[PDB]
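To keep things clear, I will list the structure first and then write my remarks on it.
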Amino acid sequence: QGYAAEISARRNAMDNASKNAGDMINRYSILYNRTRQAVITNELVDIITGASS
Amino acid sequence: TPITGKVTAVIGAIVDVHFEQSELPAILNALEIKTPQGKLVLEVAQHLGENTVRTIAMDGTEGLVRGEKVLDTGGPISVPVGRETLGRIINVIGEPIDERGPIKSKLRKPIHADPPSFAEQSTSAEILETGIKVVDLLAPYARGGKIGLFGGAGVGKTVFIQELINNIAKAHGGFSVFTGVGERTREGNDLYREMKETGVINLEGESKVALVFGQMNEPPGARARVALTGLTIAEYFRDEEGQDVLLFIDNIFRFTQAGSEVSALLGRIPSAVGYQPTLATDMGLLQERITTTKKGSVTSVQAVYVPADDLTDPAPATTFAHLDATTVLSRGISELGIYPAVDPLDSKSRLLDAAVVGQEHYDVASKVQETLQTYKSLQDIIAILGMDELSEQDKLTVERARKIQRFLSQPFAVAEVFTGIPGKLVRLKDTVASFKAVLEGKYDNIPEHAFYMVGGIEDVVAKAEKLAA
Amino acid sequence: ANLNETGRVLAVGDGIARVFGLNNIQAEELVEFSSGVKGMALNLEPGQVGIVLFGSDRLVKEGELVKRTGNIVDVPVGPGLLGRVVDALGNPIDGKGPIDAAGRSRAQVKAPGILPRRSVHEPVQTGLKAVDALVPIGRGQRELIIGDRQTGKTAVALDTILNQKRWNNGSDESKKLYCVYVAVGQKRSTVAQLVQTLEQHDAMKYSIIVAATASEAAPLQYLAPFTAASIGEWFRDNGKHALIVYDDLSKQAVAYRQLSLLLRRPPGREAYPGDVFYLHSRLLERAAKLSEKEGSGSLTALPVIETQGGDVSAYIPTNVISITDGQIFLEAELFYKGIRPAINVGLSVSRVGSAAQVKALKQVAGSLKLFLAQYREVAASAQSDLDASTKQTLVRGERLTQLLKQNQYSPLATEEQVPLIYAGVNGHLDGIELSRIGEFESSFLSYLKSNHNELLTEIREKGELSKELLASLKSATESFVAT
Amino acid sequence: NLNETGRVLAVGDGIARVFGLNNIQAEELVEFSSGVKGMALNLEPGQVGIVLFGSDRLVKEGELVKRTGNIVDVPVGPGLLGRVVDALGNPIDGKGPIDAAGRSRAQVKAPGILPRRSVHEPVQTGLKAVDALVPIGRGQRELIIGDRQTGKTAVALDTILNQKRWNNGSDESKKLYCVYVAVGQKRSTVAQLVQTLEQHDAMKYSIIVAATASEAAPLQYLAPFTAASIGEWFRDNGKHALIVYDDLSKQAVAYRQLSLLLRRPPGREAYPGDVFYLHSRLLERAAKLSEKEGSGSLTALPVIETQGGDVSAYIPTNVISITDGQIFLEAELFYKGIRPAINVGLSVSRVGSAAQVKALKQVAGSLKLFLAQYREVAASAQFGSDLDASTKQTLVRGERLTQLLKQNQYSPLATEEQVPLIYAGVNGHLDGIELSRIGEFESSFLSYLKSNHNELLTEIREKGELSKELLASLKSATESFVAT
Ligand SMILES: Nc1ncnc2c1ncn2[C@@H]1O[C@H](COP(=O)(O)OP(=O)(O)NP(=O)(O)O)[C@@H](O)[C@H]1O
Ligand SMILES: Nc1ncnc2c1ncn2[C@@H]1O[C@H](COP(=O)(O)OP(=O)(O)NP(=O)(O)O)[C@@H](O)[C@H]1O
Ligand SMILES: Nc1ncnc2c1ncn2[C@@H]1O[C@H](COP(=O)(O)OP(=O)(O)NP(=O)(O)O)[C@@H](O)[C@H]1O
Ligand SMILES: [Mg+2]
Ligand SMILES: [Mg+2]
Ligand SMILES: [Mg+2]
């Protein structure tokens, strides 16, 4: 009984976790994307300043 | 018989002026163009050669024409200094803007001044009690020090200053200068109504605070310089009046921003993130004048805007080293309804030292800090896997940290509208003891909610019984 | 050829014309090219002027004559623009003929100073349950509508305009609120369709449309909000009240960025020029509430910003938030769930409006601010224990969440609003199901109108809740719920 | 006659473009008629670009600029001790003229390959964490790196203060004269530092060089190089000097400002293309000279500021590649109550044990690797583990070893005080003691050994080494104290 209680509690806690993880993955895929864009821009501005002189 | 030239070029805030004579106005001199309405002021920035100067206008340049006559004043921008500035509202060029007549001051001083030498420095380690829990506890303000409030947009910088003016301004003895740089004209209105209503400015009577404004409607030239104006007045109090002076500035970032708006138009090659190459020295020349010297004492609060919530942006980052105390406001924090939204692990003080505050104070502050830190290192695991997957030690620390977290929140008087609750204020000695006890495990049975938005520990006890009924 | 009043084109490309002559020209004077296309003298230099064009580059060649105009960039203003649709320079685009101008105002007008202002205390009634109760806007305020693509931003502003029909049909000129809607960067068809909606609800007669749409030249988009504020300002300076929607500032900023980069100004953060903040700040500072001496007029601004991926920390969002007097944040998450208006209360705030709120709402909004956005504490945690105490707030929370929902084009009167909230806050909904809270609300208002109209009238006419009306309202509420 | 003089063609932003000056040397000092001094950095066909060493407010178009005939130099000599000067060696403490043994140029070729000898004499910093785990040698460059407000100056400051044990003597070979270089700090911060050196009577063997935040970029850029020269004199004359660059991040910013205004095309993050060189030539000058050269040394503690923990940032990556190891200070460790907040894993001293008093080397066996094995395990403890006898014990040992590395500021220790502590720790004479009491143990115990087993401590100070006899005495002595 303690085992089957445990096994039910695992599948339940892990469902809430995988859900909660995905949420952070979603929030970090967004930050990733911002940063990636920023990286391309910022790199371009150095090339640009360098080209102007 | 003056010195006159003609306008040769106009690009935005930048006006180029040619002079017909050998003699040319000095860099930092104020020039004048007579217009239909009033006078446009320009500040010489550089000499371009071939008898032409480059200037930065202090007002819009709409309507200017090539060939237009330019007058040299033979000196820099000057401001009314002295007691006659108290209870008045003033410009970047030192003219009044409260329609109350001329500031009949005996003297007018240039806004560009050299900073006080190394020899002139006067250091102390003297605590400034604020009555705000987190500040008083975790990062104490210093009398005559330089205090700075860092915050993203809307996180609470201005409410914080108004609380500090509410705490320190009436009982200071000395004089305050508030300078608005690049902020809301309405906020100026909100404050001029305030210092009137509290009596710190009395129309008929006598007043303790002078106000200087260069708000966010103003062209860049005016935004850059308006802090040097409000400072020049602060320095006259410090020096000749040997006054202990309070200087508030909302907001100091706007000064540097205004500098970048024009940097391009001045011919400079952009440094990192598009800022002016001179960002640091421009800031040194402003910052270093805002200091406590041997002749007198200046305690200074500065609102510091953080662009895109990025504390590594050259501007706020270059600001840090200038401050003896830093309170860093966090969006993440304020979004938990924690006000003030002070990051207790990113706000710092020179005066957090046992040889100033006593070992008991130090030890508490530090254990509080260790506690909070443990929660931080854990947040990711708490959010993914919940509380269940902590060891008991941790579970208890997390349980406790959250009670500290909330206890660091405090109802300000000036945010009564958003708190719904009267403004509480806590004596340093009470903050120290109250927190000391929480750590000592004396309040573990109490639910989290009883620490949220109260004063000292007596107030927790009260709210806990209020809930239990 | 007078080179004083007149110019010759040296070169044109990238939206700039370089022009020789025009020696008497003023900085920011409007000019005219042969083709009839207009320009703005931006940079006066020794031996040439740089002119920003208000149209395609096709419409200007090298060698062509340019005529001075005499005038700094300006526009027609006055009550004669009411019902009219114009472009950024004030030119009618609605097929209806010359505008009837009281006079002309510059595009760039300095903000009301420190003195000529008074704190906002007069309500701008949106007719939106969630906004009026929780982010009350006052006449003279600036309140940002911010959120992702397709989250109801425009809807919130448009319901506000449709709602004014309530007072703009009365006589009392002080209660009236004229409307300036600025479309910057939107599709022509969106705006055409918007105007037809306004016409259909008979809102058009008290509103002005200023459009600089997607295919138009960046400077026309840059300019539109400024010429719309002078149009808005006329009402302000003449003892009347105007609401201005900037839809949206994100697109204004983008156009400004286009112009700056082609002008070869150094790209900063996200490639915007250093002055992109001053762009908005000077614009929005022009919203205000004026003193008795200045005639007590007001211009209220509702700028719209569009976040990407819901990030309010980007450069342009935080710039505008650091200008306006608050934000109405709309969450895409709520929007997809069917919660519309999708106002995220946690992240929404009005910094000055509380004063200007109608007392009735203020009284039944007791802590609703605190409670709701805090039921959010339990709600987020909920999905570890089947608690006793915190099972109640989960049931009330859920109810007020439905009460706050609202159909589009259906702004509601204050006296129609306060009962619904009273009935929520005091838990008379606790027993009723979710799927019926929608039907409850329509049926409850019918009941109130037919049977307890005396009371609604009292809410409307005094705006307060006397202990007696409060108690009488408790009476009628309990009755309906029971059946 | 435009060969020795020139006329200002244009001026602003602390930069002047000058006509003539036909015979001027690249990097030569110039005087503008209005008073201000400058340095020719750009020599082009029709003009000369000059960076100003002060305000340009008084310079005008047409103004006359004069050749000095000197490459930027400075006063050097023992006379400078106890003093605070600006970048050009002008005294700024109001204590009047400096008396100098001579003048050295700012920019000096470093010691070549031949005239050097391996670092082998310790710079005793007085800090347990450093001296045990990242020992610093005489002639080494050891970088101090970390975010704002993480302890960086407090590491350097406790080294300077610690030199008192030897600087109060006459023995010249053991003495370590200190040079502190404030760059872009605020004057108040510096006054506060020379106030503290005073209170600890350390100012008498230190020299301060301050190019603080309000000073012209050419002054901030120059300060480290002229400060190397001041320090080099000690090195070049059989003595020893420590040099603290606080901080190089701010100097790099100043060099950038200089170069952009000279309209020299920038590189990454707008820094000049040769910003690596800027720092490498400065630090190559720190060195341990060979016997044929008198045996003097210059040890450098350069300070770098990272932003957001970002050590991959351009400048921090540059300097890391120049020095002989780093001390990484971390805000997260600072708040757990680890002071100094040294990340042991990430911090190396490359010269290593060759620069550590032998006694300390012995008792700190694999302390650094052990502490790694500890954190390897403090990682496995996270997912709620249960450990076997070895792992739970070493977890206990390290948790206490970490505790023993905590140390107050301005409380530096002598090796003979350090050794017993590390000795008690590593061996396990601390395992069966409640964790929260290791602090009061440290001071009770050092007092105990000062009254009871004092002959031991005396031995370590003098003979710098241990034999079975010293080991077993101390082992017998410590075992004694454990029972309070
Ligand atoms: N002490 C406080 N208690 C409760 N709410 C607060 C507090 N401080 C700020 N807020 C909330 O956040 C808003 C921020 O106001 P403000 O103090 O002007 O912040 P700020 O950071 O200066 N904004 P800005 O300058 O526009 O970026 C307030 O109007 C409140 O809604
Ligand atoms: N209160 C509401 N109830 C139900 N539906 C709504 C409501 N408000 C808006 N909608 C619909 O939702 C969609 C988005 O609303 P809209 O006001 O266009 O938002 P927006 O943020 O301006 N989108 P866009 O500007 O095109 O990126 C529209 O089709 C509306 O018809
Ligand atoms: N061992 C220590 N124990 C406790 N506190 C310390 C210790 N060392 C330094 N501190 C304090 O921590 C604060 C930061 O130290 P500091 O040495 O200024 O680091 P920093 O990184 O150079 N700061 P900054 O120059 O402002 O970026 C100072 O107030 C010190 O007094
Ligand atoms: Mg503010
Ligand atoms: Mg829309
Ligand atoms: Mg430091």
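Each chain in the structure tokens gets a letter, A, B and so on, in the order shown; residues start at 1 in every chain, and ligands are counted from 1 in the order they appear.
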
Just list as a PyMOL selection string whatever in segment 275-420 of chain C DSSP marks as helix (DSSP H, G or I). chain C and resi 276-285+315-321+332-337+353-356+359-364+368-382+389-404+414-420

Taking only C-alpha atoms and all ligand atoms into account, list the residues no farther than 6 Å from ligand 3, as JSON, numbers by chain. {"B": [321, 350], "D": [148, 149, 150, 151, 152, 153, 154, 339, 340, 407, 408, 409]}

Counting only C-alpha atoms and all ligand atoms, what residues are within 7 Å of ligand 1, given as number ranges by chain? B: 151-160, 305, 339-340, 411-412, 415, 418-419; C: 321-324, 349-351

Show which residues sit within 6 Å of segment 137-142 of chain B, as a PyMOL selection string. Count only C-alpha atoms, and ignore same-chain residues fewer than 2 positions away. chain B and resi 126-128+133-135+145+348-349+352+365

Using only N, CA and C atoms, please write the residues we just selected to a file, as a short mmCIF file (atom, residue, chain, number, x, y, z; two decimals), in the first residue's frame.
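Below you can see out.cif, which holds the result:
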```cif
data_model
loop_
_atom_site.label_atom_id
_atom_site.label_comp_id
_atom_site.auth_asym_id
_atom_site.auth_seq_id
_atom_site.Cartn_x
_atom_site.Cartn_y
_atom_site.Cartn_z
N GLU B 126 29.21 58.16 9.43
CA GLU B 126 28.06 58.55 10.27
C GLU B 126 26.69 58.12 9.68
N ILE B 127 26.02 57.21 10.38
CA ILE B 127 24.74 56.62 9.92
C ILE B 127 23.63 57.65 9.80
N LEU B 128 22.85 57.55 8.72
CA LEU B 128 21.65 58.36 8.57
C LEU B 128 20.39 57.49 8.67
N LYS B 133 12.92 50.12 7.11
CA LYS B 133 13.53 48.85 7.54
C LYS B 133 14.75 48.34 6.72
N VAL B 134 14.57 47.97 5.44
CA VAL B 134 15.68 47.40 4.63
C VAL B 134 16.91 48.28 4.55
N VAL B 135 16.69 49.58 4.42
CA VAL B 135 17.79 50.53 4.32
C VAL B 135 18.51 50.59 5.66
N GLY B 145 26.66 61.65 2.80
CA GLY B 145 27.06 60.66 1.81
C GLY B 145 26.37 60.87 0.48
N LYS B 348 23.83 48.13 -1.38
CA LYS B 348 25.07 48.11 -0.59
C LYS B 348 25.44 49.42 0.09
N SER B 349 26.24 49.30 1.16
CA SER B 349 26.68 50.41 1.99
C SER B 349 28.11 50.28 2.44
N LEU B 352 27.86 49.56 6.27
CA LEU B 352 27.60 48.23 6.83
C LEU B 352 28.93 47.65 7.31
N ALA B 365 22.08 41.48 10.20
CA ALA B 365 22.07 41.83 8.78
C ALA B 365 22.66 40.70 7.93
#
```

Taking only C-alpha atoms into account and nothing else, which residues of chain C lie no more than 10 Å away from chain A? Please answer as a PDB file with N, CA and C atoms, in the first residue's frame.
```pdb
ATOM      1  N   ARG C 264      21.842  58.514 -41.050  1.00  0.00           N
ATOM      2  CA  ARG C 264      23.166  58.057 -40.614  1.00  0.00           C
ATOM      3  C   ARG C 264      23.522  58.379 -39.182  1.00  0.00           C
ATOM      4  N   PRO C 266      23.926  57.323 -35.420  1.00  0.00           N
ATOM      5  CA  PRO C 266      24.427  56.096 -34.787  1.00  0.00           C
ATOM      6  C   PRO C 266      23.322  55.249 -34.140  1.00  0.00           C
ATOM      7  N   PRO C 267      23.182  53.984 -34.574  1.00  0.00           N
ATOM      8  CA  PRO C 267      22.280  53.045 -33.921  1.00  0.00           C
ATOM      9  C   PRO C 267      22.706  52.740 -32.482  1.00  0.00           C
ATOM     10  N   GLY C 268      21.766  52.878 -31.554  1.00  0.00           N
ATOM     11  CA  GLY C 268      21.961  52.426 -30.192  1.00  0.00           C
ATOM     12  C   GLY C 268      21.307  51.077 -29.949  1.00  0.00           C
ATOM     13  N   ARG C 269      20.761  50.937 -28.750  1.00  0.00           N
ATOM     14  CA  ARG C 269      20.061  49.765 -28.303  1.00  0.00           C
ATOM     15  C   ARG C 269      18.937  49.450 -29.267  1.00  0.00           C
ATOM     16  N   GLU C 270      18.834  48.180 -29.643  1.00  0.00           N
ATOM     17  CA  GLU C 270      17.832  47.682 -30.589  1.00  0.00           C
ATOM     18  C   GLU C 270      17.777  48.505 -31.865  1.00  0.00           C
ATOM     19  N   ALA C 271      18.867  49.241 -32.110  1.00  0.00           N
ATOM     20  CA  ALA C 271      19.094  50.070 -33.315  1.00  0.00           C
ATOM     21  C   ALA C 271      18.383  51.414 -33.335  1.00  0.00           C
ATOM     22  N   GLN C 308       6.663  42.312 -27.697  1.00  0.00           N
ATOM     23  CA  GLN C 308       6.953  41.050 -28.375  1.00  0.00           C
ATOM     24  C   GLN C 308       7.129  39.969 -27.336  1.00  0.00           C
ATOM     25  N   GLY C 309       6.449  38.846 -27.517  1.00  0.00           N
ATOM     26  CA  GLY C 309       6.611  37.738 -26.575  1.00  0.00           C
ATOM     27  C   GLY C 309       6.354  38.172 -25.143  1.00  0.00           C
ATOM     28  N   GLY C 310       5.554  39.223 -24.989  1.00  0.00           N
ATOM     29  CA  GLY C 310       5.059  39.651 -23.683  1.00  0.00           C
ATOM     30  C   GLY C 310       6.111  40.302 -22.814  1.00  0.00           C
ATOM     31  N   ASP C 311       7.217  40.732 -23.413  1.00  0.00           N
ATOM     32  CA  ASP C 311       8.307  41.301 -22.623  1.00  0.00           C
ATOM     33  C   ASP C 311       8.187  42.810 -22.400  1.00  0.00           C
ATOM     34  N   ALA C 314      11.604  45.384 -22.704  1.00  0.00           N
ATOM     35  CA  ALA C 314      12.318  45.844 -23.868  1.00  0.00           C
ATOM     36  C   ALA C 314      12.499  47.348 -23.755  1.00  0.00           C
ATOM     37  N   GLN C 383      -2.776  24.511  -8.113  1.00  0.00           N
ATOM     38  CA  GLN C 383      -2.650  23.295  -8.924  1.00  0.00           C
ATOM     39  C   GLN C 383      -1.292  22.605  -8.759  1.00  0.00           C
ATOM     40  N   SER C 384      -1.303  21.376  -3.902  1.00  0.00           N
ATOM     41  CA  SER C 384      -0.549  20.715  -2.836  1.00  0.00           C
ATOM     42  C   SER C 384      -1.409  20.378  -1.607  1.00  0.00           C
TER      43      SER C 384
END
```

May I have the residues within 12 Å of ligand 5, computed using only C-alpha atoms and all ligand atoms, as a ChimeraX atom specification? /C:145-158,181-187,190-191,193-194,245-251,303-306

Residues of chain B within 9 Å of chain C, only C-alpha atoms counted, as a VMD selection string: chain B and resid 8 to 12 16 61 to 67 89 97 to 99 152 to 154 183 to 190 192 213 216 to 220 257 to 258 260 to 262 264 to 265 269 to 270 272 to 275 305 307 to 310 335 to 337 417 to 420

Check segment 103-182 of chain B with DSSP on the backbone and list each residue it calls strand (DSSP E or B), as a short mmCIF file (atom, residue, chain, number, x, y, z; two decimals) with C-alpha atoms, in the first residue's frame.
```cif
data_model
loop_
_atom_site.label_atom_id
_atom_site.label_comp_id
_atom_site.auth_asym_id
_atom_site.auth_seq_id
_atom_site.Cartn_x
_atom_site.Cartn_y
_atom_site.Cartn_z
CA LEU B 107 25.16 86.96 -6.46
CA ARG B 108 25.08 84.84 -9.61
CA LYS B 109 27.54 81.97 -10.02
CA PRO B 110 28.56 79.99 -13.15
CA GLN B 121 37.80 65.91 0.93
CA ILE B 127 24.74 56.62 9.92
CA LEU B 128 21.65 58.36 8.57
CA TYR B 141 22.52 55.64 4.53
CA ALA B 142 25.33 58.00 5.48
CA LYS B 146 25.97 60.00 -1.74
CA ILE B 147 22.89 57.83 -1.85
CA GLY B 148 21.51 56.44 -5.12
CA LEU B 149 18.24 54.70 -5.99
CA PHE B 150 18.45 52.33 -8.99
CA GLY B 151 15.24 51.23 -10.64
CA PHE B 175 18.42 73.47 3.39
CA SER B 176 17.24 71.16 0.59
CA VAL B 177 17.62 71.51 -3.15
CA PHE B 178 15.43 69.32 -5.36
CA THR B 179 16.47 69.07 -9.01
CA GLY B 180 14.16 67.50 -11.55
CA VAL B 181 16.13 66.28 -14.55
#
```

Considering only C-alpha atoms, extract the chain D residues located within 10 Å of chain A and return them as a list in words. residues 260, 263, 264, 265, 266, 267, 268, 269, 270 and 271 of chain D

Find the residue from B:223, B:172, B:268, B:400 that sits nearest to residue 250 of chain B; use only C-alpha atoms when measuring.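 Counting only C-alpha atoms, the residue closest to residue 250 of chain B is B:223.
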